[PDB]
């Protein structure tokens, strides 16, 4: 089994005011979490990072915020992040964060049906409760 339950992929701008908070709430709920090496800055490879993550984590969360999209990733990689596993199981769970639907439609990635979380419809506690349900 992998040494990490979840890794949180995020743009560097979201580390201070959200990711750090989501991680702390998760760790207190019982999940083993790592994210320090998953802050994406301009220049980084998105796929390479995701691979290092699933490489030793059971699941992954990608913070889909405006800063994440502004990093201008390849639409192929982006559209890929959310393809479901041939096992039915979902390994990469997206969390939409402070974005406008109209504002990000040119890059909105093709994902599963009602597979994403949204901090606009749920608080960190609610989402962590759900994620824990998913980790067990």
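Numbering follows the first chain given and starts at 1.
Stretch exceeding the other in mean C-alpha B-factor - 29-37, 87-95: That would be 87-95.
125-133 set against 4-12, stretch whose average Cα temperature factor tops the other in the entry: So the stretch with the higher mean C-alpha B-factor is 125-133.
Per the PDB entry, maximal CA B factor within 58, 47, 70, 101: Highest C-alpha B-factor among the listed options: 47.
Third of the chain, ranked by Cα B-factor, where residue 75 sits: Middle third of the chain for residue 75's C-alpha B-factor.
Cα B factor band for residue 111 (lowest, middle or highest third within the chain): Highest third of the chain for residue 111's C-alpha B-factor.
Third of chain Cα B-factors occupied by residue 81: It falls in the top third of the chain.
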